[PDB]
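1. Sharing an experimental structure here, sequence included.
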There are 2 protein chains.
Amino acid sequence: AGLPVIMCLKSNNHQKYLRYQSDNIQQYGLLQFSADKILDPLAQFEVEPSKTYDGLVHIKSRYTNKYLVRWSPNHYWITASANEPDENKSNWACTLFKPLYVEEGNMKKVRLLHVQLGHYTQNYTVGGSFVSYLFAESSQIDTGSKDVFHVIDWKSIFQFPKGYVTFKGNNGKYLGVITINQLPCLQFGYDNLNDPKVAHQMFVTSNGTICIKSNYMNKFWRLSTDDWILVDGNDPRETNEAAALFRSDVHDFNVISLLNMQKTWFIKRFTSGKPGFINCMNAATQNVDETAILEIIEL
Amino acid sequence: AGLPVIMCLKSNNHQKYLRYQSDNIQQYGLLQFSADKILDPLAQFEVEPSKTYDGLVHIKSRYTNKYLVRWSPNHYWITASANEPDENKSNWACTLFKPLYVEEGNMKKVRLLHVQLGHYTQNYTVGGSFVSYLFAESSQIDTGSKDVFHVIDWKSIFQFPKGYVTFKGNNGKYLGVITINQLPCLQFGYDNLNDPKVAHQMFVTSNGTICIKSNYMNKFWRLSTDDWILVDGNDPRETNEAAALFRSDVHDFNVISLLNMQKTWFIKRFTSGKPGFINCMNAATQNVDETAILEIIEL
């Protein structure tokens, strides 16, 4: 119904992501707006379209693989615990929800109506322990906007923009081609997004590896001499040369680290001491360091 | 191919479960036998039958929802990062696996053969940082059985024994029916599993709630007088009475805590002070405590 197959929900009211409550407490099983990162393994939910009703949806925790349902005949708290869907609107355990978009055409802002009750769900707080839990409050939209959620497609966090992009290093500079000692290097030393030497193109293969082409050089990034990432490679989707294949470690939307597949080490901003090699891309760190985090800027 | 749709793999070699390595380290994305409990959110995998090859299977991490594939053309390390399945047996990125049951008929002990390589996967260690990671070593069975895995169906951990069962408290005693002051209570004070009073039956409903019947009385458990759990209830599957419904917090196979849906507090072995009411089941704890931990013993 316009929602991603697998999604994450964020509460504008306090900026946290909805996650299954796994602690051994009274609220076990309930859904709490407390995940700091979207990468939290308890924050993923799968949406499943209704068999009978056009527009109604069933939702389950990806962790437990169980449907969201009311805690019991007496409560409005939502628990991801139903073993199976229930499309009977008169049953307190009906599992049908109805996504209602806050603004026309915008699919990332929604209010989720519990069908059986006809109540909007909210990031609700009662007292002491019942803090920030999903609760089907009433048929009235909330004055405090605690019923509006930001929808996030889980799949997209691991997808990149193919089209010109550049990378911003931790020193504030953009990554561009540069010839040093006859070697076609990559340096974080450009200030302007429009310098054509700074434009790159990311190709994500079906196996998860990524290859990157320098627009300016019209050649692919390739680990080579002294572990510098030089711009001289042929298309690795044909050559299968591990030196020109990378795998990413996503930290957040457009914030990544890339491991070079030949050395299996992360690439980073590096100054080797040898004259001329200042802030150049090199496979120099076994694990992620601050000089290894790259921000992707679309072009 | 006989595997459960969603499963957890346990290494025979060191009794840890296979989980996605999410730390920002060299081995990010690889699969490591380091989860202590099956409840770890990074330890669930899903199986998909091959589209063209009977008996062949693709496997993905439930977390990333990506396919297990070789790290690169040069490696035998397995990473859960393929975007899509690959059935080309000749391609290094082939995602097909062949489960090979160790004991004919027992679908729980298995070896996973990486089809393209023709190698068995192992709980592999190459010292240093690569410790206990899935690696498709060779076409030879391992002397030390590091290639033998125990398959556990994920859905079954939230499933309970049908037919007769009892419950063992933290005082080593079985839970049985007992009349105290005219009230038909449940007390942890029997040492004989053959006592008919100690026998119960659990019913899980499609909504996740559970209702328990005492075999002896032929009555369902129900929160009533002074929060004690009495055995006098009619079937809540028909009365929809919250006091006769419980939701479980599973700690491990057959080790759970139960929350009464009327009080929304966990039931535990309890001694009130009122004479006679010693070690009786009472909804007296908000969060799980030692006394709220119950062991399900099947009869």
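-> Perfect, I can see it now. Residues are numbered from 1 along each chain as shown, chains lettered A, B, ... in the order given.
2. Which parts of the stretch 101-250 of chain A are strands?
-> Taking DSSP state E, counting those that start in this stretch as the criterion, the stretch 101-250 of chain A carries its strands at A:109-114, A:119-124, A:133-138, A:149-153, A:165-168, A:174-180, A:183-190, A:200-204, A:210-214, A:219-223, A:229-233, A:246-252.
3. Just tell me which of the ones you listed ends up closest to chain B.
-> Comparing the strands of the stretch 101-250 of chain A against chain B with CB to the nearest CB, the closest turns out to be strand A:246-252 (4.4 Å). (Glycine included, C-beta is placed from N, CA and C.)
4. Quickly list the domain ranges of chain A.
-> According to the domain assignment given by curated CATH domains, chain A is divided into the following structural domains: A:1-159, A:160-299.
5. would you turn those into JSON lines with mean neighbour count and distance to residue B:72?
-> Formatted as JSON lines, these follow (neighbours: other CB atoms under 10 Å in any protein chain shown; distance: least, CB to CB, whole Å):
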{"stretch": "domain A:1-159", "mean neighbour count": "18", "distance to residue B:72": "18"}
{"stretch": "domain A:160-299", "mean neighbour count": "19", "distance to residue B:72": "4"}
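6. hmm, back to that, kindly reformat the strands of the stretch 101-250 of chain A as a markdown table containing distance to chain B.
-> Listed next are these as a markdown table, based on distance: least, CB to the nearest CB, whole Å:
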| stretch | distance to chain B |
| --- | --- |
| strand A:109-114 | 14 |
| strand A:119-124 | 15 |
| strand A:133-138 | 12 |
| strand A:149-153 | 12 |
| strand A:165-168 | 17 |
| strand A:174-180 | 20 |
| strand A:183-190 | 20 |
| strand A:200-204 | 7 |
| strand A:210-214 | 10 |
| strand A:219-223 | 12 |
| strand A:229-233 | 14 |
| strand A:246-252 | 4 |
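7. and these as CSV, adding distance to residue A:36?
-> Formatted as CSV, the strands of the stretch 101-250 of chain A follow (distance: least, CB to CB, whole Å):
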stretch, distance to residue A:36
strand A:109-114, 21
strand A:119-124, 15
strand A:133-138, 17
strand A:149-153, 14
strand A:165-168, 23
strand A:174-180, 29
strand A:183-190, 29
strand A:200-204, 27
strand A:210-214, 27
strand A:219-223, 33
strand A:229-233, 32
strand A:246-252, 11
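8. For residue B:259, find the nearest of the domains of chain A.
-> Of all the domains of chain A, domain A:1-159 sits nearest to residue B:259, with 7.1 Å by CB to CB.
9. how long is the closest one from one end to the other?
-> Here the two ends of domain A:1-159 are set 22 Å apart, with distance taken as CA to CA, to the nearest Å.
10. Dump the domains of chain A to TSV, plus distance to residue B:260.
-> Rendered in TSV, the data for the domains of chain A read as follows (distance: least, CB to CB, whole Å):
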stretch	distance to residue B:260
domain A:1-159	10
domain A:160-299	41
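11. So which of those domains is nearest residue B:173?
-> domain A:1-159 (22.3 Å).
12. so how far is the closest one off the chain centroid?
-> Relative to the centre of its chain, domain A:1-159 is centred 18 Å away, using CA atoms, centre = their mean, to the nearest Å.
13. Distance check, the residue nearest to residue A:146 when sequence neighbours are not counted against residue B:91.
-> In space, not counting the residues next to it along the chain, residue A:146 is nearest to residue A:122; the distance is 4.3 Å by CB to CB, 6 or more residues apart in numbering or on different chains. Going from residue A:122 to residue B:91 by CB to CB, to the nearest Å gives 49 Å.
14. cool, and residue A:8?
-> As judged by CB to CB, residue A:8 and residue B:91 stand 33 Å apart.
15. Pull the distance from stretch A:171-179 to the chain's centre.
-> In terms of CA atoms, centre = their mean, the gap separating the centre of stretch A:171-179 from the centre of its chain is 26 Å.
16. Check stretch A:252-263 too.
-> The chain centroid and the centroid of stretch A:252-263 are separated by 14 Å under CA atoms, centre = their mean.
17. now the end-to-end length of it.
-> As for stretch A:252-263, its first-to-last residue distance stands at 24 Å under the measure CA to CA.
18. cool, stretch A:256-264 as well?
-> Looking at stretch A:256-264, the gap from its leading to its trailing residue is 15 Å under the measure CA to CA.
19. Identify all contacting residues around that stretch.
-> With contacts defined as CB atoms under 8 Å, 6 or more residues apart in numbering or on different chains, stretch A:256-264 is touched by A:209-210, A:223, A:227, A:229, A:241-243, A:245-251, A:265-267, A:283, A:288, A:292-294, A:296, B:24, B:26, B:28, B:71-72, B:74-75.
20. so what's residue A:208 up against?
-> Contacts for residue A:208 (CB under 8 Å, 6+ apart) come out as A:247, B:66, B:69, B:79, B:81, B:82, B:83.
21. Just the ones in strands from the residues you listed, please.
-> Among those, DSSP state E puts A:247, B:69, B:79, B:81, B:82 in strands.
22. Out of those residues, which comes closest to residue B:103?
-> Taking CB to CB as the measure, residue B:103 lies nearest residue B:69 of the ones in strands among the contacts of residue A:208, at 28.7 Å.
23. on that earlier part again, nearest to residue B:193 among the domains of chain A would be which one?
-> Short answer: domain A:1-159, nearest of those by CB to CB, at 27.1 Å.
24. Chain B contacts on the stretch 51-200 of chain A?
-> Where proximity means CB under 8 Å from any CB of the partner chain, the interface of the stretch 51-200 of chain A facing chain B comprises A:62-66, A:69, A:71-75, A:79, A:81-84, A:86, A:92-93, A:129, A:154-155, A:158.
25. All good on my end, thank you.
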